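Have a look below at one chain only, the form deposited without the ligand, in C-alpha cells format.
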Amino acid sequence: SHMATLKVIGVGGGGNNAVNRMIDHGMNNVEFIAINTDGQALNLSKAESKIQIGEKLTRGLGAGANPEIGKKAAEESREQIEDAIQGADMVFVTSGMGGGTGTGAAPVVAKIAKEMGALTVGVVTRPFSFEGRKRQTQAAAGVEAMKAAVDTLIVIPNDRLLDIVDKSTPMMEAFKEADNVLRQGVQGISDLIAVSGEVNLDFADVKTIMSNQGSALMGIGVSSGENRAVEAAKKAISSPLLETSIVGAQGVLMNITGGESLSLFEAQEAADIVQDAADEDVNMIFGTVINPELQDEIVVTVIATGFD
C-alpha cells in the first residue's frame, strides 16, 4: 500500500560521476538528480533532472576548489533543489569531499532534503593522500558538515582503493568499486521495499534504523554452497573501502533472501555473525524473503548504525 520514492543526488564532479556510472549500470525505480556548478560536466550527465547551481558566482565553471562558493551556490538555488526533491521519502546524496562544489553544496542539499521530509543518507569520499593535506583538511570539514546535515553518513576514503588494486587496475575500474557501496545500498533498500517478505521489513524499519543515527554501514553479500549463510553474512559486513566498520554497531537491519531451502539454522548462523562482529548488544530488525526462483544462492543485506 505504501511505495517509497528513492532519489539519488550527485553533487559536484565525483558525485555526478557516480550518478552517471550507476545509470549506466541500470538502476530502476530510483530517480537521479545531478547538481553541479560545472556546466561542462553537467552537460554530459545522464540524469533526468539536472540543476546548474551558482551560474552568477562561477559563470558556468566549477568552484575552483573553494567550498564557500559551492555552499553559496547551493543556498541560492534552494528553491530549485526543493522542487527536484519534493515527494522523496529517501534521498542519497553522493559527493567527493575536498573540492569546492561537493564540499560546500552537498551539506546544503542534504539539509534541504531532510527539511523536506526525506530520510537522508550521505555517501561521500575523502581524497587520496597524494592530493595533499589542504584537500584533506577541506574534505574533513565537508565530512563534518555532512554529518550535521544527514540522517546517516557513509565515508569512503579514496586511499582504500589503493588496497584493492594491483599495479595495473584501471582507475575507472577502481572508481566503480567505490560506486558499488552506494549502488548496492540503494538497490538493497529498493528490493526490501519492493518485495513482500515472509518476515516482512519495510521502509518504516529503514527509518527506525537510519533516522538521526550518525555513521552507517550498508552491505550486501551473496553466496552459495556449504556455509553459504556465514559466507554471505561476512561479505555483507566486510568492505575494505569503509571508514566505519561493523564494530560497535548498536542497530542493525538485516534481511536474508533465499529459496525454499533457507534453513532456520543458517539464518541464526548469519545473524550470529553480525551480532558477534558488532561486538555489541545490537538492536536487530530481522527479515526474511523466500524467492523460489533462487536455488542455492542466499543474499544477506545489512544496514548498521548506532556507533557510539
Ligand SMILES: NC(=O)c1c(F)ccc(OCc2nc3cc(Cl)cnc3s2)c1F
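Residue indices: 1-based, along the sequence shown.
A second form of this protein, the form deposited with the ligand bound, is not displayed here; the remarks below concern that form.
J.: Partner absent here, but in the bound PDB entry, which of 74-82, 107-115, 162-170, 211-219 has residues with a heavy atom within 4.5 Å of the ligand?
T.: Careful reading of the contacts points to 211-219.
J.: Please run the contact check for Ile303 against the ligand in the bound PDB entry: heavy atoms, 4.5 angstroms, yes or no?
T.: Looking in the bound PDB entry, residue contacts with the ligand include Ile303, since a heavy atom lies within 4.5 Å.
J.: Answer for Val199 alone: is it within 4.5 Å of the ligand in the bound PDB entry, judged on heavy atom distances?
T.: Residue-level check for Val199: yes, a contact with the ligand.
J.: May I ask you to check whether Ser239 falls inside a 4.5 Å heavy atom distance of the ligand in the bound PDB entry?
T.: Close contact is absent here: in the bound PDB entry, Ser239 is far from the ligand, nothing within 4.5 Å, heavy atoms only.
J.: Should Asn20 be classed as touching the ligand in the bound PDB entry when contacts are defined as heavy atoms within 4.5 Å?
T.: Contact with the ligand, no.
J.: Looking at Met146, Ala88, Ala232, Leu192, which is the one with a non-hydrogen atom within 4.5 Å of the ligand in the bound PDB entry?
T.: Only one option qualifies, and that one is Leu192.
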